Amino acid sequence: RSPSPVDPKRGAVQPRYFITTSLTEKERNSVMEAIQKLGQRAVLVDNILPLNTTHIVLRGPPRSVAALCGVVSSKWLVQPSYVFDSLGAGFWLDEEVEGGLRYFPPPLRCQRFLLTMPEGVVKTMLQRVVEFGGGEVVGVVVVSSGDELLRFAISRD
């Protein structure tokens, strides 16, 4: 978060549809209350992503299925601090200056992926992430771990 302490850069005025992933109950409620308190066209949506999703709140790097789906569908991935800092500033801050992540255009789109791992929940989840991003799983990018898929996704264009 490298905002200016004098004139912190404002985010665009536009609806923000927040979801959270893998937060504690406590910090999810604090994020909810802060979104509700600032308002300014933002709402917290309840739980794969709700179709109205623009922003995913998560602590740390993308790890959950919801977070990876956000990575590959050009959602903003922001830390809880994005919400609290914006409430402190009095308006929604610029997502990029706050350190938020967004990968546009959708990486994986029209890309083909060979998942060199055995069958199981992890392979199934990665297939769903690939498809959610508009990619196809080969029944040209070889992936042996979710980590490798994430590094591909954040390093395009």
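Don't overthink the numbering: it's just position in the shown sequence, from 1.
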So residue 36 and residue 37 are neighbours in the shown sequence, but is anything from the deposited sequence left out between them? Give the count as none, 1 to 3, 4 to 9, or 10 or more.
none
With respect to the recorded C-alpha B factors, which stretch has the higher mean value, 8-16 or 145-153?
8-16
If you average the CA temperature factors over each stretch, which comes out higher, 97-105 or 48-56?
48-56
From the entry's CA B-factor values, the highest among 114, 110, 125, 67 is 110
